[PDB]
Amino acid sequence: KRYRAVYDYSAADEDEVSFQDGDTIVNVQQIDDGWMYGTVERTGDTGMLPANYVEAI
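Heads up: these notes are all about the structure in this document. (Residues numbered from 1 in each chain as written, not as in the entry; some residues may be left out. Heavy atoms only, no water. Residues with missing side-chain atoms left out of burial classes, pairs and counts.)

1. Quick notes on the nonpolar core
Core analysis: the biggest nonpolar cluster contains twelve residues, these being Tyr3, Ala5, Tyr9, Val17, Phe19, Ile25, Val28, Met36, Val40, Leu49, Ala51 and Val54. Those elements giving two or more residues to this core turn out to be β1 (3–5), β2 (24–32) and β3 (35–40). Beyond its immediate chain neighbours, meaning those up to four positions away, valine 40 contacts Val17, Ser18, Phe19, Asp23, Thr24, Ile25 and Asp45. (Core = buried A, V, L, I, M, F, W, Y, C linked by side-chain atoms within 4.5 Å. Buried < 20%, exposed > 50% of the residue type's maximum accessible area, 1.4 Å probe, protein only. Helix = DSSP H or I, 4+ residues; strand = E, 2+ residues; numbered from the N terminus. Contact = heavy atoms within 4.5 Å.)

Below, the structure written as structure tokens:
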């Protein structure tokens with residue numbers, strides 16, 4: 001269920017999350033081909049994140 005961010009990402013809107021390279025994303029569920037939903041542990045931010053910006057741990 002855990003992923004690691006490989007690049008920084010800045011949320012475009014309220015439903016996305018922001019994160020930094022190296023952040024762990026947990027409780028990840030897949031939404032579609034482009035997008036997952038999960039929580040950036042370090043900030044507590046939960047929401048949509050682009051799948052290309054993370055990798056499964």
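2. Section: the environment of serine 18
By secondary structure assignment, the location of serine 18 is in the loop between β1 and β2. Sequence separation between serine 18 and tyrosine 37 is 19 residues, and the spatial gap between their C-alpha atoms is 12 Å. Setting aside residues up to four positions removed in sequence, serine 18 forms contacts with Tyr9, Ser10, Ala11, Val40, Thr43 and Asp45. Polar side-chain contacts of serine 18 include one of 3.0 Å to the backbone nitrogen of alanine 11. (Polar contact = N/O pair within 3.5 Å; in protein donor to acceptor, adjacent residues only side chain to side chain.)

As far as function goes, none of this settles anything; it's purely spatial.
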